[PDB]
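Got a sequence here, can you build the structure:
(one chain, ligands or ions: 3)
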Amino acid sequence: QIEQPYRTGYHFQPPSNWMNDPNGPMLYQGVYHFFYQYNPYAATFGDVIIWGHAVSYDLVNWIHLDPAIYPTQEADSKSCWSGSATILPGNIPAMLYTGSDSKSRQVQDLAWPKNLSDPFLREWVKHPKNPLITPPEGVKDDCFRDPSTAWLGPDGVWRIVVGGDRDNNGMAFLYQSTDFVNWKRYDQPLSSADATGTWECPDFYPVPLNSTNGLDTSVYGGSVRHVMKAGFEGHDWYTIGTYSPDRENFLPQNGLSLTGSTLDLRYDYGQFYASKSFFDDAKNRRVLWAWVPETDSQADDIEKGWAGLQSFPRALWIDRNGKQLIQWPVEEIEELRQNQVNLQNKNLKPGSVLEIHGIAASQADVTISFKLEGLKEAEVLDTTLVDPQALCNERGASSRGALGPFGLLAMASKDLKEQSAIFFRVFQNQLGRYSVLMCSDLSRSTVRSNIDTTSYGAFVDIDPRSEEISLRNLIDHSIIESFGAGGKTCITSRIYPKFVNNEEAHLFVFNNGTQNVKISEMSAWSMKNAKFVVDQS
Ligand SMILES: *[C@H]1O[C@H](CO)[C@@H](O[C@@H]2O[C@H](CO)[C@@H](O[C@H]3O[C@H](CO)[C@@H](O)[C@H](O)[C@@H]3O)[C@H](O)[C@H]2NC(C)=O)[C@H](O)[C@H]1NC(C)=O
Ligand SMILES: *[C@@H]1O[C@H](CO)[C@@H](O[C@@H]2O[C@H](CO)[C@@H](O)[C@H](O)[C@H]2NC(C)=O)[C@H](O)[C@H]1NC(C)=O
Ligand SMILES: OC[C@H]1O[C@](O)(CO)[C@@H](O)[C@@H]1O
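Numbering: from 1, shown residues only. Ligands and ions are numbered 1, 2, ... in the order given. What follows is the structure:
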């Protein structure tokens, strides 16, 4: 028997209880600070939510501290919800968050560390004038929240966006300030979308064109584009565009308004929400954090005593083509790699299954690259309007095609009674153009009941003719993070196989298509546990 077989070995999560939205991430005085929505009283959401707090020197190993922000004034007496961190000139980290006041309305509050001598910034003080911002005119009291990190314009004026909606229309309310204390709502929103519901945890930042690095939130220029990210209808969406501080205008590169359709982009196409990013000026990279909800039942959560994970922090940058964002786990994770098992120039005949031996199958980093032969044999299927998720749910690992399904079988039992299949399929339209589909088939991930086993999928923007299809998988017990084509397509999965309570997990490479595929190269590393020290009470 294993105790708590679903807890991760190297993903961030509190000692126990409920955790959701990541909060105020930042790098200050050489220390990485991480905060998060936390319920100290249960493994479910509750009436009292506070900011958990942990620190790290590498974004991998953490030290749990006491909660940093918790109700202490009328402006946040009922709860301290999501917010962001902004380090102001003079080296002072300023935290803006949404509080639930005594009248139960969402208002924006300010707080900053009370002792900058403390490397861990344990104590925080709140501004006497909170709330600093209250719901605009035609906005309901429970539809105005999640202030972003601020950016300083050339005119020396700070800008931030706050989520919410006006008549069910998603909003990124724009506010300005020079002292960071007195904010004035700009006439028009920075951006918005019809009938999307409340825009949660908006994030607005710049990315450098033709560069795989990150930028400080206040950078601007012709060689820079901006990303407008917002969570709604259950997912985190984003759009790349141009920002004009002068007239506070954001113009979508594709001229579209978010609709939450297959027309829009997402960071991750699986369980990924309330994502928030921060700039790391030490490594010159933008790091992204995201809450990964549980997909088991509430009863299961209460029973196992905890709920909620954070995705592994990943570097974020814009693709060479400037049409989408790329994600990749921060290099520090590589230090967890132990022994390695490799494979090269290996053919996977139709309907075959190859087991990877000598790896801790429940906690590993697996990378594989496929070399395809005879693309012309690809099934004909125009995918212009096709919904990749629907397609993956319709055709799992048991649905045999020409090119596909071929990929990985993670968190699988010896008998394969339970398995999580991350694979690819290749199609072509009538004109002979190819398209690639990436799937996370969770249909057979567990034999347990009351487990959301919905599958996730997305199309990968690569040309199968000139580049091999690559796939990286972060396997960590109840979570699997899949990165297709170097990070062009990301899918996070939560799985709860039953076998984990008795026998060990297994790892496999498979090809259930009728066509042959080859593994040019495959690398698998056992990942040692990340350290989590508690320094509370
Ligand atoms: C991909 O290759 C096979 C394509 O179908 C798939 O087979 C699965 O296992 C057997 C093999 O024919 C069949 O199972 C059927 O019968 C059992 C009887 O107990 C049912 O429980 C199943 O639901 C199903 O009706 C099916 O053909 C198929 N069934 C499933 C989903 O297990 C392989 O499993 C696939 N290989 C991989 C690695 O996924
Ligand atoms: C502000 O932070 C500093 C640094 O953490 C605190 O100083 C430490 O205090 C502990 C307990 O009193 C000592 O064991 C350490 O040796 C101190 N180190 C330093 C840097 O002097 C300081 O106490 C904090 N201020 C308050 C009011 O708590
Ligand atoms: O915990 C409450 C917080 O969580 C969210 O609903 C998103 O998951 C935020 O919009 C809010 O600030």
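
show me the contacts for the closest residue to ligand 2 within the stretch 301-450 of the chain.
Using CB to the nearest ligand atom, the single residue of the stretch 301-450 of the chain nearest to ligand 2 is residue 332, 24.6 Å away. No exception for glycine: its C-beta is placed from N, CA and C like everyone else's. Going by CB atoms under 8 Å, 6 or more residues apart in numbering, residue 332 touches 58-60.

Next: residue 66.
Residue 66 sits next to 53, 122, 536-537 when contact means CB under 8 Å, 6+ apart.

Please indicate which of the residues you listed are buried?
53, 122 (16 or more other CB atoms under 10 Å).

As a markdown table, the contacts of residue 66 with secondary structure and distance to residue 180 would be great.
What follows is the contacts of residue 66, written out as a markdown table (DSSP: H, G, I helix; E, B strand; the rest coil; distance: CB to CB, whole Å):
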| residue | secondary structure | distance to residue 180 |
| --- | --- | --- |
| 53 | strand | 21 |
| 122 | coil | 22 |
| 536 | coil | 30 |
| 537 | coil | 33 |
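
give me the subset of the contacts of residue 66 touching ligand 3.
Checked against ligand 3 using CB under 6 Å from any ligand atom, the contacts of residue 66 give no members in range.

of all the contacts of residue 66, which comes closest to ligand 2?
Comparing those against ligand 2 with CB to the nearest ligand atom places residue 122 closest, at 7.9 Å.

Okay, domains of the protein per the record?
Structurally, the chain divides into domains by curated CATH domains as follows: 15-337+528-537, 338-527.

Give me the distance between the two termini of the last one.
So that's domain 338-527. End-to-end distance for domain 338-527, by CA to CA, to the nearest Å: 6 Å.

near ligand 2, which residues of the stretch 151-300 of the chain show up?
So the stretch 151-300 of the chain never meets ligand 2 (CB under 6 Å from any ligand atom).

mind listing the strands for the stretch 301-450 of the chain?
When secondary structure is read from DSSP state E, counting those that start in this stretch, the stretch 301-450 of the chain shows strands at 306-307, 309-310, 314-318, 325-329, 337-348, 352-355, 363-372, 379-380, 406-412, 420-428, 434-441.

Pipe these into a markdown table and attach mean neighbour count per row.
Listed next are the strands of the stretch 301-450 of the chain as a markdown table, based on neighbours: other CB atoms under 10 Å:
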| stretch | mean neighbour count |
| --- | --- |
| strand 306-307 | 22 |
| strand 309-310 | 25 |
| strand 314-318 | 22 |
| strand 325-329 | 20 |
| strand 337-348 | 13 |
| strand 352-355 | 15 |
| strand 363-372 | 21 |
| strand 379-380 | 12 |
| strand 406-412 | 27 |
| strand 420-428 | 26 |
| strand 434-441 | 26 |
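
Could you dump the ones you listed into TSV with distance to residue 296 added?
Supplementary listing: the strands of the stretch 301-450 of the chain in TSV, determined by distance: least, CB to CB, whole Å:
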stretch	distance to residue 296
strand 306-307	8
strand 309-310	12
strand 314-318	24
strand 325-329	24
strand 337-348	29
strand 352-355	27
strand 363-372	19
strand 379-380	35
strand 406-412	14
strand 420-428	14
strand 434-441	17
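
re earlier: return the closest of the contacts of residue 66 with respect to ligand 1.
Nearest to ligand 1 among the contacts of residue 66: residue 53, at 43.0 Å, using CB to the nearest ligand atom.

For the closest one, name its beta-bridge partners.
On the basis of DSSP bridges, residue 53 is bridged to residue 35.

which residues sit in contact with it?
Applying CB under 8 Å, 6+ apart, the residues near residue 53 are 33-35, 64-68, 122.
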